[PDB]
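J.: Once you've seen the sequence and the experimental structure below, I've got questions.
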Amino acid sequence: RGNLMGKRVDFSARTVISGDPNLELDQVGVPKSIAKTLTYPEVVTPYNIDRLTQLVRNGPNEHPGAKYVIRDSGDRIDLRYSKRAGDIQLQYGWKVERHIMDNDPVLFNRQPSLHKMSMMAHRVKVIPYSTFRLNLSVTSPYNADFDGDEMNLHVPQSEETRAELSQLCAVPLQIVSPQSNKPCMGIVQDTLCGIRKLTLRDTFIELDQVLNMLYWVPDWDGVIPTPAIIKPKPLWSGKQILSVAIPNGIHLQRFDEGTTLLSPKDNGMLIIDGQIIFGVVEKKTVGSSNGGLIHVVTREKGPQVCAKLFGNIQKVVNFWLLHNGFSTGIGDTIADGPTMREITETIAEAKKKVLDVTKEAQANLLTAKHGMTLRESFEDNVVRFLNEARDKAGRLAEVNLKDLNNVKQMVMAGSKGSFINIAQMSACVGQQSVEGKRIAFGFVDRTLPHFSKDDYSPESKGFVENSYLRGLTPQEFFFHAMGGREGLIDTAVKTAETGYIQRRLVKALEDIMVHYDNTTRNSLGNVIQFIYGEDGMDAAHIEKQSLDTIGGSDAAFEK
Amino acid sequence: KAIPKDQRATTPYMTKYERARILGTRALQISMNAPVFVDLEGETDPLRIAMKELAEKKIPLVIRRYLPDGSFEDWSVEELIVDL
Amino acid sequence: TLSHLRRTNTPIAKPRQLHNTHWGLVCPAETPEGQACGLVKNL
Amino acid sequence: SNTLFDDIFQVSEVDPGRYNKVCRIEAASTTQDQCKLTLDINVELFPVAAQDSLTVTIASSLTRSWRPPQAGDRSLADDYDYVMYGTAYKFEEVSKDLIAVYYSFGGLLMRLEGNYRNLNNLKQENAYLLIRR
Amino acid sequence: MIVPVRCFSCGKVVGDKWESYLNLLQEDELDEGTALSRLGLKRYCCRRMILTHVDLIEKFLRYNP
Amino acid sequence: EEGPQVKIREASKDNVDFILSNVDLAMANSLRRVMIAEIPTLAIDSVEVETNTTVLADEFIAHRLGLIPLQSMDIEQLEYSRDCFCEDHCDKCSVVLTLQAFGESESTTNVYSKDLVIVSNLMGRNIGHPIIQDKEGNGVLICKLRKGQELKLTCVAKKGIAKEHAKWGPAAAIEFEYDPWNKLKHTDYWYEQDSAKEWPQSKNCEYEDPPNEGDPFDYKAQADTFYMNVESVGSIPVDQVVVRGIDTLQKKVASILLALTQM
Amino acid sequence: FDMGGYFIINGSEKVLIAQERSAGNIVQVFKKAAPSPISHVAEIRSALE
Amino acid sequence: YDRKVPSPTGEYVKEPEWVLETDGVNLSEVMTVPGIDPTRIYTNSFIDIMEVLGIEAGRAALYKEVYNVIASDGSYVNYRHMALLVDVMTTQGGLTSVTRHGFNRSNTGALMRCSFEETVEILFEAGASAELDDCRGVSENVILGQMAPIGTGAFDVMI
Amino acid sequence: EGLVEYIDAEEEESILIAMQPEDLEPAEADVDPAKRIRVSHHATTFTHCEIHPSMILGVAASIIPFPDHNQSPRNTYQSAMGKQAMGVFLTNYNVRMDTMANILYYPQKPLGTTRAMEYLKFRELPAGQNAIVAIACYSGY
Amino acid sequence: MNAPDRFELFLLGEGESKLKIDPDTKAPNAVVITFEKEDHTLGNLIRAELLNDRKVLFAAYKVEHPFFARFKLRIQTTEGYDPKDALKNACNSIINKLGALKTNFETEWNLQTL
Amino acid sequence: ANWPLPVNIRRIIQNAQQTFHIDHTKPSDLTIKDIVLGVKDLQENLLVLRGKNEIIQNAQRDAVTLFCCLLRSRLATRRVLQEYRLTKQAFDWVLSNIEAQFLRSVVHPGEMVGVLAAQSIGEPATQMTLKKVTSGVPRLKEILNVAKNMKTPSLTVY
Amino acid sequence: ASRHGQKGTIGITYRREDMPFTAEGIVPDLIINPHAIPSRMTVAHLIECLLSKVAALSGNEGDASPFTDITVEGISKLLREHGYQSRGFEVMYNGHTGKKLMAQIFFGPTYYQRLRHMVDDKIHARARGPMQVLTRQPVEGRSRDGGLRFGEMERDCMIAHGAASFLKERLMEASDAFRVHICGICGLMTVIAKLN
RNA sequence: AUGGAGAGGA
Ligand SMILES: [Mg+2]
Ligand SMILES: [Zn+2]
Ligand SMILES: [Zn+2]
Ligand SMILES: [Zn+2]
């Protein structure tokens, strides 16, 4: 299980990774020094020679070069020594370990591997600086960030091993993934916070810029599109240009919760033929979503057309975004004078609602809910009395955050951030829980030696009435400290249990492949399914599609 | 056992694996300067040849498929349709 | 160097939980993740 | 290479639906009581007040990379203040003898309602909109 | 560990100003916010350059050989 | 004269505060980039250490010497060492200098840039004098020495640009602002109640008119009048950072034009 | 500033990490599981200080 | 509970019912009760179901369960994986576990089950029974360092 | 003189500790909305009041500025990291000899300090620079 | 360690010329000038000046990857105007503005004291 | 009604009333026969399982059954001509397409699915983290353990 | 990494010109994405910064002590007294163009530390080299010019994709291959290979 | 080169 099923191996490498906006989706930024070390045996062939004898000439430490040349006898000319390394006549047949080059096919990898996608194929763009670089989008299938992650890379060594890489494992071939019969790669952070930005109706772009963006899309046909506005000035809308990155025959249709072929809220999303007609672009569209633009452009146009889609949407949005810019300040976590006063009362009532329940229950007037104690239904009550207060105060803050608030903007864009992220920051942080129940009586019948015994009130049992913006008090803090920890503890234990689940899960099914009678079996020929998935189909090419026989009136059906 | 040119359930569509492995096997042979069966239209990459060799169905390999009972089916890269 | 001189080890029923009593004796924040999270502490 | 519709309108609503540079316009036609308009107007370029009356056209006329001026020495179907180019996306039966069209000048949309613009307002990629005075 | 010659961010020469900074505090006895302003360090990146610096060198000299 | 219109409004040895009238932003800007990091200067670019029994280590002083400001006035009659036909440095392209100090006193012997000493033949050029704005007359503070502590150096200074490392940066801090009350609406101001009571006026506001509410947005107006101030590290006098700034931008614009003719 | 509390062994500074254990000579009652014959248990870790 | 069900008139309309929920499991006696719809009663114990309502219906709850753990978490996994996993457990007759007691017991090649948990003993008794190895398993050709019958190596290539 | 006492958990159990000496025991009787909301004086018994809450923290934690304006787990990360934050680890690095030793070229006393950095000798031997941080999306690098 | 020298930011290497000029296959009368060893300093200002030139259809620039000092300026001009000439005048104009910016400043610097 | 199914029909439709540029005020040229009868013998070659014998062929009628409820519901005569006024050549395509787009979707023999079905279940289990039911990782742990000893057993009566 | 879990690696370096600038001529030493801010609610960071600006300006030290009455408001009222927008905002101008940034930027001094782990302590690459004695498998660790482990779990991944020849190749010509000899009879390695 | 412990990264 350690020297046969999983061996240590040659032609490998690893380094810190950093992301790269002007790198292609299927590309792997490989620093020059690694590129200098990893080889691919190439056989001397009438076609290549001239580029090959050149690669010998260059020697083993100036990029497009080589170490070792292998001959008839199968001897091994080392090119860092050898009296004949600035010489050598390349006979047909011989092998010529060469530096790994631009547009080779390499296997790129992050651990822990838990996918097909955790091992992709890439094309090697070689670069300066010591990091592997990758396209932001190739983030999810690898589960990378740049908080310090390292990544592996493996290099084929036969012509067929290369085939198998670029014909099966290549990133664009993985874009639409069998897992959730949806695609797995999207548009993230800036691109996604900027594409929303660019796109809202109020974003107008004048000539000088509209020329540069257009240039920026590599697949520009070199035809300025007519401006939406021709009047007092000519301007082009946000939507207007980005639409130049969207290839042709791409029709997309969404509609959201208020949306009527006029999108007053600029709701939803209609794309008639490579051009967007209404609605703000954002995740639901350009995400890793089901109906999304990526899902379509893949099936409709191709894999590699949609590989280069990530490229073009980014090259343009990035650029735009570079020049409008985007921040977050503690200004963005302040909320209205009255909204602060108005939030505090909104807590102060959940405060007298607990009081009044405890006041009630202590006088034995609390009815025990069926199948639970008096003690239990009072607990269940008070918790749902302070959660309904966090949410009520958090809402009351979310409603005050005007459209111009940078946090509320990444929430609309869906780049990072949630509701609760606001609720806690600007409003109040809410109850702290451990073991499932609110903060324990660790000390005899109290929580901290700063309280009396038998204090079931909100504060004493671990409600954090304050916001991260106002600041937690010493207890509030230590209570938070307790929860926080119970987190880390499972996130530590959670993941060890998991990677074991996976390990059997894998080891159980292992040998199940679809056989040439389209049947599903193991090594013995014991059938498991008689048609894979009960329908014969590969998950990659499946899609959500409404069956409009099922719903509707008996009448309206006939009609 | 056998299994004659008739009575065959096996997909007359080329499995990506079949193809990826033909494209490789040819891309092997080619790279070791075996002769090439189409006019290299300014192409010299031993693999990007084999794709042109395959788009023009001039690859003389027989995919021998295998059914669980031990029996098997032959198919030329001729009969085989490359859709993908 | 300071922190590493003030450290607690605990070998081997839920001892990772910051227990109420640690208040002002053990540091509520300082501790390693994964491995022996909440088993190792700092005064 | 010619016009496609023509009419004077009377604006009865302005909407800065949390936008600074755009507004949604709810105007009616002087003349035909089977007609109304809904349009997004760049109010930072050409301010539209309520109680205003505006003259609206279509045309499709006066497609290769947009040229700058130098047309500052060329004729231009504009004796107008404010002009837009767009695409038509839906054509709707509101039953009757009543019909509506939908325009996107890159996101600033339009709703137009009537009947004589049957044989007059094609299913087309073309469509300018010219507002004056 | 001695004054930075020149502030990082803004680029101006600050090194020549350490001595005069100490003196404007210690002897004329002004508050640090005045001393830094009198030395003409008006930008706040060129300011922190000096206020934040810690002259460790003095502890280092203290060792013998 | 014909085009762009400079009005100096505050001038010192180290600050030129000037309106610049009638220019493209594109030009008003690209001037600044050049003033930051494209006009040549001279600063230490090779240090050879003979002895260093100081607290500070070898490459740490080596580095500190770099940042030491050198009079780069006639810098334009000094060659780039990579260009010049010698081998390593010479008296056409390099200014050698020497730092010598040894502790004598019981009370911290200092090392100042004033202690540096020209050693190359200047050949009349007004070059490589450690520049000292210091009021008591001793620039920077290189290093400190104990009783028995020696340091013996030989810095060869060369010609360089802030592109090739911000030690050769001749400028420092370049203030730059246009259109005081966002008349062009080139920013959207983040506000909480009142954009204008929350965001403060920059002194530049006096020199342009109010916006007069009732006036509708000026769409066709463009970028004019750019309020700047170049500070100077002092290796080149203020005026000459701007004049040379103008010149070298002009220069490297010109060499595109030349570049065509060769083709 | 060197604050001590370590030892020097073969040139390397080794630090003794406080080992935490369960205190001796103390009474503890432990409710004991579903399938046990013993419902509660009283236990003393008895050692001479 | 809510339940989408037909109005006579056709359209699917919202018909709310009363549903009862239990701590503890005896099915052998709760469906044989009067009053309850015994065509719909459900236990989160798929291991009960199995011995009560049959292996095949056992499958459906073993899945529905796996499906709930996923989907409840926010995710969606396509049917066919959880189908295969479930099928795999279900098709030996009983509920073969995903542990050294379940799947690793079943008669499949020795070298294979060997590369899971009971590494040494698996070979011991498999070296006693004089077991013969298929050599069609993934794991084993990996161990033999040859081309394992997988995608690329499912077929065979000749002239 | 008996104004201060030594308490272990076992004994802790039988006493009532105040938090703020100040706000937690004069009389009772406006309030800048900006200041956080605190419970109250509640229960009057206090055997012995706390020295200062900040003391609940360890050597690594008392480095973090406003660590009470921070979602807990974060402080824990910062706590294992400051232990890998390059700086001056002793003034005698020249003389000492170690397999690996890194020192910052220009340590800086942070601009925002915990009151307990004073005792931690941090201002005197810091690891970190007071760098000018722009929070913005720039080129997206 | 893999980092390139800084002098690769304005010094041309072996075989590299200051500009290559290519035919843009997309449009007619259209040129894509690469610009080894320069940046936004120059590119930005030529594109913005290549615009007031009333005889120009299209002017844009772009720093492909900022690991490298290089950028592509593309210009499309009218029927008759050759883009090179559109550049030619676009630069001459810049030089003349600057030639006059200089004298004007100089004149003003001279009247001030201190 | 919303279910996973091969070949997105609606977008083959959009890509027909786009590709042939089709007006909504001019008559078709389809016979009630073209529609109805093509629809019936497109079906017949949506081949998943091939075998020419009784059992296999009865597996085929079952492996397609659910795709075809859609197929028929979207290629039904009143819908074709009234909702998306197709022409006889444009329809011939929309029919021709659907078949090629289908045949692509069939699983390739080789497709090592075990390893695939594990990871697809194992990976989103890894991203599971935190009213009284056993749920999340601990639950999934019971399930796969075939846990006799389960922490929330429960009936749900109707 | 700053001072509150907010960690990160340099992706690129921009000289002082390419960088955005405040009107008074200042530049940032460091830009970090506003995306590491809403979902770790690292809010101390944002305050710190705002406080650290006023300290550097006013010329005193900032009291970021935990349980105090120091408010973002009192800190703000302070930065206002001092000339800037009281939330750390400051109109910047894009480096390349000079064109005012449309959004204003949060911009302060922020105590920021430099952790160990620098790239060229990690950057490792192997392509042939030493083997263990026992297994003919390659030796562990980058300090011994080692090799990267094609893990059990990553062998899973190559099985998924269908890559059969690569799975074998990363398991034969990399790592160890070996040519043993077999007895047609018994079926063991007991054959005496007397090769040649 | 082998065995054995501890800290650390994602
Ligand atoms: Mg990470
Ligand atoms: Zn500064
Ligand atoms: Zn010389
Ligand atoms: Zn034998």
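T.: The structure has been received and is ready for your questions. Numbering: from 1, shown residues only, chains lettered A, B, ... in the order given. Ligands and ions are numbered 1, 2, ... in the order given.

J.: Helix or strand for residue F:189, just tell me which one.
T.: Using DSSP states H and E, residue F:189 sits within no helix or strand.

J.: for the residue of chain G found nearest RNA strand M, what are its contacts?
T.: Nearest residue of chain G to RNA strand M: residue G:17, at 7.6 Å (C-beta to the nearest atom of the strand). C-beta: built from backbone N, CA, C; applies to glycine. Neighbour list for residue G:17: C:7-9 [criterion: C-beta atoms under 8 Å, 6 or more residues apart in numbering or on different chains].

J.: what's the neighbour count on the residue of chain H at minimum distance from ligand 3?
T.: Nearest residue of chain H to ligand 3, counting by C-beta to the ion: residue H:145, 63.5 Å away. Neighbourhood size, residue H:145 [other C-beta atoms under 10 Å in any protein chain shown]: 19.

J.: How about it, nearest residue that isn't a chain neighbour?
T.: residue L:172 (5.0 Å; C-beta to C-beta, 6 or more residues apart in numbering or on different chains).

J.: Just give me the neighbour total for the one you found.
T.: 17.

J.: what about the residue of chain G closest to RNA strand M, distance to residue C:40?
T.: Counting by C-beta to C-beta, to the nearest Å, the gap from residue G:17 to residue C:40 is 9 Å.

J.: joint contacts of the two?
T.: C:7-9.

J.: returning to what we had before: distance of the residue of chain G closest to RNA strand M relative to ligand 3?
T.: Note on residue G:17: its distance to ligand 3, by C-beta to the ion, to the nearest Å, is 62 Å.

J.: burial count for the closest residue to chain F within chain B?
T.: Ranked by C-beta to the nearest C-beta, the top residue of chain B for proximity to chain F is residue B:42, at 28.6 Å. Using other C-beta under 10 Å, residue B:42 has 5 other residues around it.

J.: Check residue A:128 too.
T.: Close neighbours of residue A:128, defined as other C-beta under 10 Å, add up to 16.

J.: tell me what the helix or strand encompassing residue K:156 is packed against?
T.: Applying DSSP H and E as the criterion places residue K:156 in strand K:155-157. Using 3 or more C-beta pairs under 8 Å, 6 or more residues apart in numbering or on different chains; DSSP states H and E, the elements in contact with strand K:155-157 are strand H:20-21, strand H:42-43.

J.: What segments of chain D are strands?
T.: Assigned by DSSP state E, chain D shows strands spanning D:6-15, D:23-29, D:36-41, D:53-57, D:82-85, D:87-93, D:99-105, D:108-114, D:128-132.

J.: same deal with chain J?
T.: J:20-23, J:30-34, J:56-62, J:72-77.

J.: So what does residue G:7 look like in phi/psi?
T.: phi -120, psi 160 (degrees, to the nearest 10).

J.: how close does the closest residue in space to it that isn't next to it in sequence get to residue G:3?
T.: Distances taken as C-beta to C-beta, 6+ apart place residue G:14 nearest to residue G:7, at 5.3 Å, with adjacent residues excluded. Going from residue G:14 to residue G:3 by C-beta to C-beta gives 15 Å.

J.: ok, now residue I:116?
T.: For residue I:116, the distance to residue G:3 - C-beta to C-beta - is 15 Å.

J.: Same check on residue L:67?
T.: For residue L:67, the distance to residue G:3 - C-beta to C-beta - is 27 Å.

J.: Please identify which of these two sits among more neighbours.
T.: Applying other C-beta under 10 Å to residue L:67 and residue G:3 shows that residue L:67 carries more neighbours, namely 21 against 10.

J.: need the contact list for the residue of chain C found nearest chain I.
T.: When C-beta to the nearest C-beta is the measure, chain C has its nearest residue to chain I at residue C:27, with 2.9 Å between them. The contact partners of residue C:27, by C-beta under 8 Å, 6+ apart, come to C:41-43, I:56-61, I:79.

J.: Flag every residue of chain E that's near ligand 2.
T.: Proximity of chain E to ligand 2 is confined to E:7, E:10, E:43, E:45-46 under the rule C-beta under 5 Å from the ion.

J.: hmm, which two among those residues are most spread apart?
T.: E:7 and E:43 (8.2 Å; C-beta to C-beta).

J.: rewinding a little: switch the strands of chain J over to CSV; also include mean neighbour count and distance to chain G.
T.: Converted to CSV, the strands of chain J look like this (neighbours: other C-beta atoms under 10 Å in any protein chain shown; distance: least, C-beta to the nearest C-beta, whole Å):
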stretch, mean neighbour count, distance to chain G
strand J:20-23, 13, 61
strand J:30-34, 20, 57
strand J:56-62, 23, 54
strand J:72-77, 24, 57
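
J.: So which of those is nearest chain B?
T.: Nearest of the strands of chain J (C-beta to the nearest C-beta): strand J:20-23, 19.9 Å.

J.: what are the C-alpha coordinates of that closest one, in CSV please?
T.: Presented in CSV, the C-alpha positions along strand J:20-23 are these (Å, rounded to 0.1, in the frame of the first residue of the first chain):
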residue,chain,number,x,y,z
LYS,J,20,8.3,45.0,-35.4
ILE,J,21,5.4,46.1,-37.7
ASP,J,22,2.9,43.5,-39.0
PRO,J,23,-0.2,43.3,-41.1
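
J.: elements contacting it?
T.: Looks like strand J:20-23 contacts strand J:30-34 (3+ C-beta pairs under 8 Å, 6+ apart).

J.: middle-most residue in chain I, spatially?
T.: Centroid check for chain I by C-alpha atoms, centre = their mean gives residue I:62 as the closest residue, at 2.4 Å.

J.: Residue numbers of the stretch 151-300 of chain A in contact with chain H?
T.: A:164, A:168, A:178-182 (C-beta under 8 Å from any C-beta of the partner chain).

J.: can you pull the contacts of residue F:233?
T.: E:6, E:11-13, F:69, F:131, F:169-172.

J.: separation between it and residue F:170?
T.: On the measure of C-beta to C-beta, residue F:233 and residue F:170 end up 6 Å apart.

J.: Ramachandran angles for the closest residue to residue L:148 other than its chain neighbours?
T.: Nearest in space to residue L:148, with sequence neighbours left out and distances taken as C-beta to C-beta, 6+ apart, is residue A:12 at 3.7 Å. Main-chain torsions, residue A:12, degrees, to the nearest 10: phi -130, psi 170.

J.: got the contact list for residue A:12?
T.: Residues near residue A:12 by C-beta under 8 Å, 6+ apart: A:152-155, L:125-127, L:147-148, L:150, L:174.

J.: so residue B:28 sits right up against residue A:159, yeah?
T.: Yes. Between residue B:28 and residue A:159 a contact is recorded at 4.7 Å, counting by C-beta atoms under 8 Å.

J.: Let me know how buried residue 50 is, in neighbour terms.
T.: You didn't say which chain, so I picked chain A. When neighbours are counted by other C-beta under 10 Å, residue A:50 registers 10.

J.: wait, chain J
T.: 24.

J.: Skipping adjacent residues, who's closest to whichever residue of the stretch 1-150 of chain F sits closest to chain C in space?
T.: Per C-beta to the nearest C-beta, the residue of the stretch 1-150 of chain F with the smallest distance to chain C is residue F:55, at 21.3 Å. Once flanking residues are discounted, residue F:55 sits nearest to residue E:60: 4.0 Å by C-beta to C-beta, 6+ apart.
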